[PDB]
Amino acid sequence: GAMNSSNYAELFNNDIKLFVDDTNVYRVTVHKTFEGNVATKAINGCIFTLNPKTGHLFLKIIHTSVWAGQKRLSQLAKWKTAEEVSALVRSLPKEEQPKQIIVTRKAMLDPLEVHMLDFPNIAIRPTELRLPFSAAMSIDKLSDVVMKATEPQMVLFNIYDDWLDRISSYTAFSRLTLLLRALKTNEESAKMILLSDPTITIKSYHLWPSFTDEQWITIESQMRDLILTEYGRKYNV
Amino acid sequence: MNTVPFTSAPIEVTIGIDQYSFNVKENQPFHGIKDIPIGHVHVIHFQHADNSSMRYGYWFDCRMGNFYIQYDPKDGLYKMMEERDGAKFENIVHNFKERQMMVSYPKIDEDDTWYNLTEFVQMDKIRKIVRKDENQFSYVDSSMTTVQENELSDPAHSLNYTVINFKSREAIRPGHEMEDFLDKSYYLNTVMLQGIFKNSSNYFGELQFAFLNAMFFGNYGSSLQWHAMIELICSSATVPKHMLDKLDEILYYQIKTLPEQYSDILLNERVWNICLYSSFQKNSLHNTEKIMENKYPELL
Ligand SMILES: CS(=O)(=O)Nc1ccccc1F
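Residue numbers (the entry's author numbering), protein chains in the order written: chain A, 1833 to 2069; chain B, 1 to 152, 170 to 317.
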């Protein structure tokens, strides 16, 4: 069934699983028309499909042309997401296909379940965790590849950079969700924390700066401060 | 006008015949039911006074044979039987009618209720849902499970309703996943009507049979089947106009006949609200929506 605090270490066992987040698939800017009405303009989107054990990110870029001439785009987006995840699974060798897929939003359950009827042994599960994967588009290199795409495209990343050389996948996931929660609560501040130092860079083949173990502890502390702050700045506390 | 005679009534029982019912006392001089209308299937059903648990009964059609009910003290229930000796049956039944030991099927002349509830129900199809080939009549009770319930356990004692499952490869064409899930017309018209049932009359007969087993025996899997068969039509954007009009009539009489106090267990809130207010056919069921809103506005 659903995934919660009680079964969190299950994410890091040796059963292949994938998180799927659809919150950046269908993206729009809302604007006024010359007649003073309102209209939307779609922008490129992405499916965020993540193996929490390995860090492997299957970033399927959703080009705006997929919406042309379509109705009820927010509903279509969930079904397009499920079509693309099903296509990804079928493209993987059998021994790489996931045993479970965990959707971050319950509205993805029926679309994914229907598209995966051919795979009755893949469990489709919700979660009670409020995961901050919507903030993936605050990662500069991911936002860049999405906005530059002129056609549908899948790009493969490791969202953990090289962290698994030094830490466990439980700790890597905890760092990732802390960084993403911060970027979601106050993007400018989070980004200042990460990138205000020039001596600590981002390697060409990485997403995040090349922090030493000690600097990660400092960084991680600064992100917790930010989150707790904004939580006061928000609720006045 | 045919007759279902009884050897005796050794145990106190409430007896149902179609939508009617009466109480028989222990060892009361009751010898059966007369004046049963020819041309319809019927159901004769039982609830013992000492164990309201297990309602049970028999679907039959007097055109198919001479049936009598005889209590079995070993198995502890009223059993339907067939008499092969037409002349013994006639002689025994005439005796009971002369001594006035039979209740009369009590149909009001104005009253089309039973016809309207069984319009498409045929014994031959009942006997395919309820498999016991040696008998011309079919036993059903409160506890019998359906083939689909069994897939989710004694196959001989099961209700073999047509399996309907909206998240199944039968229901969903590869490449039409969103289309077929959100608009079930393919599954209704091609898979079920053209492929399995052959025509809407057989579809409606199974729907009506499922409702009646839900109502008379509290058969839970029958209730599931009735609602699935409604929901499959309501969730199809493309339904023949004659089917929609007949469904409205069918459901109207079902809702009209439903005991007011069983609505909480016999009606699924989700299905009815979806069908009457959200579905493609939300505006196609005028009679049913009107009786539902005036009789069970709480459910909605
Ligand atoms: C007289 S009998 O019990 O042997 N058989 C029988 C036949 C028809 C109606 C009732 C009956 F009891």
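The beta-carbon is built from N, C-alpha and C at its ideal position, and this holds for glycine as well.
Residue i - containing alpha helix (DSSP H), residue span
i: residue 2066 of chain A; result: 2045-2067
i: residue 1874 of chain A; result: Careful: residue 1874 of chain A lies outside any alpha helix (DSSP H), inside the beta strand (DSSP E) at 1870-1875.
i: residue 281 of chain B; result: 280-283
i: residue 115 of chain B; result: 113-118
i: residue 2005 of chain A; result: 2001-2017
i: residue 1955 of chain A; result: Residue 1955 of chain A -> not in any alpha helix (DSSP H); beta strand (DSSP E) instead, spanning 1955-1957.
i: residue 2038 of chain A; result: Counting along the chain, residue 2038 of chain A falls outside any alpha helix (DSSP H), and DSSP gives it neither H nor E.
i: residue 23 of chain B; result: First-last for residue 23 of chain B: 20-24, but that is the beta strand (DSSP E), not the alpha helix (DSSP H).
i: residue 288 of chain B; result: 286-290
i: residue 1921 of chain A; result: 1905-1923
i: residue 148 of chain B; result: 147-150
Residue i versus residue j - alpha carbon distance
i: residue 2019 of chain A; j: residue 303 of chain B; result: 54 Å
i: residue 1857 of chain A; j: residue 1987 of chain A; result: 15 Å
i: residue 228 of chain B; j: residue 271 of chain B; result: 8 Å
i: residue 215 of chain B; j: residue 61 of chain B; result: 23 Å
i: residue 2028 of chain A; j: residue 2022 of chain A; result: 10 Å
i: residue 207 of chain B; j: residue 251 of chain B; result: 16 Å
i: residue 221 of chain B; j: residue 280 of chain B; result: 21 Å
i: residue 1854 of chain A; j: residue 112 of chain B; result: 55 Å
i: residue 2055 of chain A; j: residue 2014 of chain A; result: 6 Å
i: residue 1971 of chain A; j: residue 1886 of chain A; result: 19 Å
i: residue 152 of chain B; j: residue 145 of chain B; result: 11 Å
i: residue 209 of chain B; j: residue 2005 of chain A; result: 48 Å
i: residue 1865 of chain A; j: residue 1872 of chain A; result: 10 Å
i: residue 278 of chain B; j: residue 15 of chain B; result: 19 Å
i: residue 1981 of chain A; j: residue 128 of chain B; result: 59 Å
i: residue 83 of chain B; j: residue 31 of chain B; result: 16 Å
i: residue 242 of chain B; j: residue 178 of chain B; result: 7 Å
i: residue 45 of chain B; j: residue 11 of chain B; result: 14 Å
i: residue 117 of chain B; j: residue 1846 of chain A; result: 57 Å
i: residue 1947 of chain A; j: residue 190 of chain B; result: 10 Å
i: residue 119 of chain B; j: residue 195 of chain B; result: 35 Å
i: residue 88 of chain B; j: residue 78 of chain B; result: 21 Å
Continuous beta strand (DSSP E) stretch holding residue i: start and end
i: residue 1979 of chain A; result: Taken as a continuous stretch (DSSP letters only), residue 1979 of chain A belongs to no beta strand (DSSP E), being part of the alpha helix (DSSP H) at 1972-1980.
i: residue 35 of chain B; result: 32-36
i: residue 137 of chain B; result: Run containing residue 137 of chain B: none; DSSP gives neither H nor E here.
i: residue 1893 of chain A; result: 1888-1894
i: residue 82 of chain B; result: 77-82
i: residue 1863 of chain A; result: 1859-1864
i: residue 59 of chain B; result: 56-60
i: residue 244 of chain B; result: Element bounds for residue 244 of chain B: not the beta strand (DSSP E) but the alpha helix (DSSP H), 237-251.
i: residue 71 of chain B; result: 67-72
i: residue 1990 of chain A; result: 1985-1990
Environment of residue i [buried if 16+ CB atoms lie within 10 Å]
i: residue 1909 of chain A; result: buried
i: residue 230 of chain B; result: buried
i: residue 306 of chain B; result: buried
i: residue 133 of chain B; result: exposed
i: residue 2025 of chain A; result: buried
i: residue 1925 of chain A; result: exposed
i: residue 264 of chain B; result: buried
i: residue 18 of chain B; result: buried
Same chain, Cβ closer than 6 Å to residue i, five either side skipped, listed in chain order
i: residue 149 of chain B; result: 238
i: residue 297 of chain B; result: 254
i: residue 1905 of chain A; result: 1858 and 1899
i: residue 1874 of chain A; result: 1860, 1896 and 1899
i: residue 248 of chain B; result: 288
i: residue 324 of chain B; result: Summary: the structure shown does not reach residue 324 of chain B, with chain B confined to residues 1 through 317, and so no result is reported for it.
i: residue 2002 of chain A; result: 1844
Chain-order list of residues whose beta-carbon lies under 7 Å from that of residue i (same chain, five-residue window excluded)
i: residue 232 of chain B; result: 275 and 283
i: residue 20 of chain B; result: 106
i: residue 1996 of chain A; result: 1887 and 2004
i: residue 137 of chain B; result: 58, 59, 60, 67 and 80
i: residue 1918 of chain A; result: 1947 and 1948
Nonlocal neighbours in the same chain, by C-beta distance under 8 Å from residue i, ignoring five residues either side
i: residue 2052 of chain A; result: 2007 and 2010
i: residue 193 of chain B; result: 203
i: residue 1994 of chain A; result: 2038
i: residue 1837 of chain A; result: 1960 and 1961
i: residue 1878 of chain A; result: 1856, 1857, 1891, 1892, 1893, 1894, 1968, 1969, 1974 and 1978
i: residue 1870 of chain A; result: 1862, 1863 and 1864
i: residue 2016 of chain A; result: 1964, 1966, 1967 and 1970
i: residue 2047 of chain A; result: 2032
Residue i: CB within 7 Å of a non-hydrogen atom of ligand 2
i: residue 98 of chain B; result: For the structure depicted, ligand 2 is absent and the ligand set comprises only ligand 1.
Taking 8 Å as the cut-off, does the stretch 137-146 of chain B touch the stretch 52-60 of chain B (at least 3 CB pairs, one atom from each stretch)? yes
Per the contact definition of three or more C-beta pairs closer than 8 Å, is the stretch 176-187 of chain B in contact with the stretch 255-271 of chain B? no
I'd like to know if the stretch 1939-1956 of chain A and the stretch 1964-1974 of chain A are in contact, where contact means that at least 3 CB-CB pairs between them fall below 8 Å. no
When you compare the stretch 34-43 of chain B with the stretch 97-108 of chain B, are there three or more beta-carbon pairs, one atom per stretch, that lie closer than 8 Å? yes
Across the stretch 1940-1951 of chain A and the stretch 1913-1925 of chain A, are there enough close Cβ pairs to call them in contact, namely three or more that are closer than 8 Å? yes
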